[PDB]
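A.B. asks:
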Amino acid sequence: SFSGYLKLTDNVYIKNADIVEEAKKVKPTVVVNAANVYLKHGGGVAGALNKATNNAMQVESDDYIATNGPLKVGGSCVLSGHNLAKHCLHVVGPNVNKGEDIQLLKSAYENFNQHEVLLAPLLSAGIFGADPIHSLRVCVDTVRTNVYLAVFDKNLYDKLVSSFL
Ligand SMILES: CNCC(=O)Nc1cc(C)ccn1
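All residue numbers for the sequence shown refer to the entry's author numbering, where the first residue is 5 and numbers rise by one.
1) What are the partner residues of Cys92, as DSSP defines its beta bridges?
2) In whole angstroms, what separates the C-alpha of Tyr42 from that of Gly48?
3) Please classify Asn20: does DSSP put it in a helix, a strand, or coil?
4) Hey, out of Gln62, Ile69, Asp145 and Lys90, whose CA is closest to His119's CA?
5) Taking only three categories from DSSP, how would you classify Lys76?
6) DSSP puts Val121 in a beta bridge; with which residues?
Encoded structure:
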């Protein structure tokens, strides 16, 4: 199971780890992707997860979009986890760099409550432009299921732990 995590709350855990390497190791039931509404997995966590699936995540995602249309910001869909996990929960946090409403971050985290345990990144962090400290706060205050957060950047991980209220 999950190892080396620091416990932040009753249900939230955090580790300085590459979520792809973490998923390959644990093979969790659910890995969360930091998706966009089009499921175009170009960069950040999505580009890294998709590259680890040899683009199978993108091929599956294109078929999903062709059938269903785009997701909503704050929404999600469950697709295959491919070689990384049983399922991938593609969750769309607001992209501050696209001028999207940061208030949608709580709605994005609410998707995690449909799964008992998840391996996840901080939503809207990184290339999505939100403050990762704020994302962790919304995560702790929204998610009630067991969430194992993988933070790639060591310097950000240290800042998140040291500033955690
Ligand atoms: C291509 N490098 C892998 C990578 O960026 N992995 C990652 C990224 C974030 C933001 C969180 C956890 N893991």
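All C-beta atoms in this analysis are idealised placements derived from N, C-alpha and C, irrespective of residue type, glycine included.
C.D. replies: Taking the coordinates as given:
1) For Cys92, which the question treats as bridged, DSSP gives the partners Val35 and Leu83.
2) Just so you know, the alpha carbons of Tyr42 and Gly48 end up roughly 15 Å apart.
3) DSSP, read as helix, strand or coil, puts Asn20 in strand.
4) The shortest C-alpha separation from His119 is found at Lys90.
5) In this structure, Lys76 counts as coil in the three-state DSSP scheme.
6) Answer by DSSP bridge pairing, in chain order: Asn150.
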